[PDB]
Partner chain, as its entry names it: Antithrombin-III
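Just one chain is shown here, as structure tokens, and it is the form solved without the partner chain.
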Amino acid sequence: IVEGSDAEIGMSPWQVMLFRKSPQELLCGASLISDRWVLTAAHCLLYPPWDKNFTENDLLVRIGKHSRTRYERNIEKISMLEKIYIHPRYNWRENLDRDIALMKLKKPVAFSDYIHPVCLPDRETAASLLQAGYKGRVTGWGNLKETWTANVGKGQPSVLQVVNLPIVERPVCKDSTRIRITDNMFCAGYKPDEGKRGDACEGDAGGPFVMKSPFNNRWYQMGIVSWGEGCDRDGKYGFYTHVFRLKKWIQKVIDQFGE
């Protein structure tokens, strides 16, 4: 997260860390939607060109964390994966359309003050909140900037970062880049003349873009950090996977492999 701030304790209890077992390293973010289901981006699990073609056994997820590196005793929980599910139409060879995946935990995680699931949007919440100008929130342990000098500079955050960002009109998203944009994507960020700024960056993919419903006071995950051109660039915006538009796939995978 670029130009964001440290998150408050328990501010994003559905936050999940996707870890590679060997070598041990932080790969992406993800989000808790139940005691056994975790949502993330497809390219975090499968993108052969960038050394990514994982199986359930190559990964681990850490839940309830705040510090990026410090082991938080009796607070964070580690879960192994039973099965990984990637959207059937996701095709890394062509583009990042349908950038979504589900991970089933071997065993249910126990909830606490620091671990709690986020809600998925229904159609009315989606129609009501997915409007240009409306602000959402993005969180993650991704990089703080595009580049830095190793060891002397600092590009990795010490604790979970957060940033509130406004949804941008589709015509504006489309004219900001030559990359083909689909309806399964939406963009957000401040406009160059706004003065304010912020964006997600490398390592934040799979993380959630959430909004708080003024109707029932609940937090809903409207998007998944997917891609961008550089990080926090004037005239460029971050792109997110449109969760509601792919909710039917989520449903299908669940009452078909949930047990």
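Residue numbers count along the first chain shown, from 1. C-alpha atoms forming the largest set that superposes within 1.5 Å between two forms make up the rigid core.
Omitted from view is the form deposited with the partner chain bound, to which the following refers.
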Quiz prompt | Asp58: touches the partner chain in the deposited complex, heavy atom cutoff 4.5 angstroms | solution = no
Quiz item: Are any of the heavy atoms in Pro192 no more than 4.5 Å from a heavy atom of the partner chain in the deposited complex?
Solution: no
Quiz item: Using 4.5 Å between non-hydrogen atoms, is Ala30 touching the partner chain in the deposited complex?
Solution: no
Quiz item: Going by a heavy atom distance of 4.5 Å, is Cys173 a contact of the partner chain in the deposited complex?
Solution: no
Quiz item: Of 221-242, which residues get within 4.5 Å of the partner chain in the deposited complex if you count heavy atoms?
Solution: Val225, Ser226, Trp227, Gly228, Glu229, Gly230, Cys231, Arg233, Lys236, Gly238
Quiz item: So which one of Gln131, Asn74, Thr182, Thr149 actually moves, Cα shift of 2 Å or more between the shown form and the other one once the core is superposed?
Solution: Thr149
Quiz item: Where do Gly206 and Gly153 end up in the deposited complex, Cα atoms closer or farther than shown, with a change of 3 Å or more?
Solution: closer
Quiz item: Closer or farther: the CA pair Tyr71/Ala150 in the deposited complex, versus this form, with a change of 3 Å or more?
Solution: farther
